[PDB]
Amino acid sequence: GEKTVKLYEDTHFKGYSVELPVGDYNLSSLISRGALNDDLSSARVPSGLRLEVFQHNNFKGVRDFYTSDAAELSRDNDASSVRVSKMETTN
């Protein structure tokens, strides 16, 4: 089913989507998959998936949390680190 959250660069879930397993990734980790820390503008996350966006790095203070289909990250082109996990999984 859907045990991972997808990430889109183009609004309206356009372009290419990238999904990752439960875990935390940094700015350098974002590009590792093929996405700049400051470029993502969309992300798919159906019921059963929980993710948290972190504009700043090292978890300074300002943090964001998303648990639904988002067609626009917290800060426009500014996502240092991110978090992905499964709320209640999916069959």
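No Cβ is skipped: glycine too gets one built from the backbone with ideal geometry, and neighbour counts run over all protein chains shown. What follows is calculated from the coordinates using simple rules that are stated; it is not laboratory data.
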Exercise. Of the residues that sit in the stretch 53-84 and are out of contact with any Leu (no Cβ under 7 Å at 6 or more places or on another chain) and part of a strand (DSSP E or B), which one is farthest from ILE31 (Cα to Cα)?
Worked result: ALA70
Problem set entry | For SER41: the one exception among (1) of a type in the set (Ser, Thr, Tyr); (2) under 13 Å from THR4 (Cα atoms); (3) touching a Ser or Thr at 6+ places or on another chain (Cβ under 6 Å) | (2)
Problem set entry | Residue ID - surrounded by the most Cβ atoms within 10 Å (Cβ to Cβ), chosen from residues in the stretch 39-52 that are part of a loop (DSSP other than H, G, I, E, B) and either of a type in the set (S, T, N, Q) or within 12 Å of the chain's Cα centre (by Cα) (or both) | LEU49
For this session: Could you grab me the full set of residues in the stretch 1-36 that are touching a residue at least 40 places away in the same chain (Cβ under 8 Å) and in a helix (DSSP H, G or I)?
Result: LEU27, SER29, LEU30
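Tally the residues that are under 26 Å from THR90 (Cα atoms) and touching a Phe, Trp or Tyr at 6+ places or on another chain (Cβ under 9 Å), restricting the search to the stretch 36-62.
Step one: list which residues in the stretch 36-62 are under 26 Å from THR90 (Cα atoms), which gives 40-54.
Within this subset, residues satisfying the condition of being touching a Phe, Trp or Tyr at 6+ places or on another chain (Cβ under 9 Å) are 40-45, 50-53.
Counting residues in the stretch 36-62 that are under 26 Å from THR90 (Cα atoms) and touching a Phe, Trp or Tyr at 6+ places or on another chain (Cβ under 9 Å) gives 10.
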Exercise. Residues of the stretch 53-91 being over 18 Å from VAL18 (Cα atoms), surrounded by 15 or more Cβ atoms within 10 Å (Cβ to Cβ) and of a type in the set (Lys, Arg), which ones?
Worked result: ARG75
Seminar exercise, completed: Flagged pairs (Cβ under 9 angstrom, 6 or more apart or on separate chains; first in the stretch 53-80, within 16 Å of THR11 (Cα to Cα); second loosely packed, with under 15 Cβ neighbours inside 10 Å and among the β-branched types (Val, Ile, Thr)) are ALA71/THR11; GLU72/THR11; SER74/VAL62; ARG75/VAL62
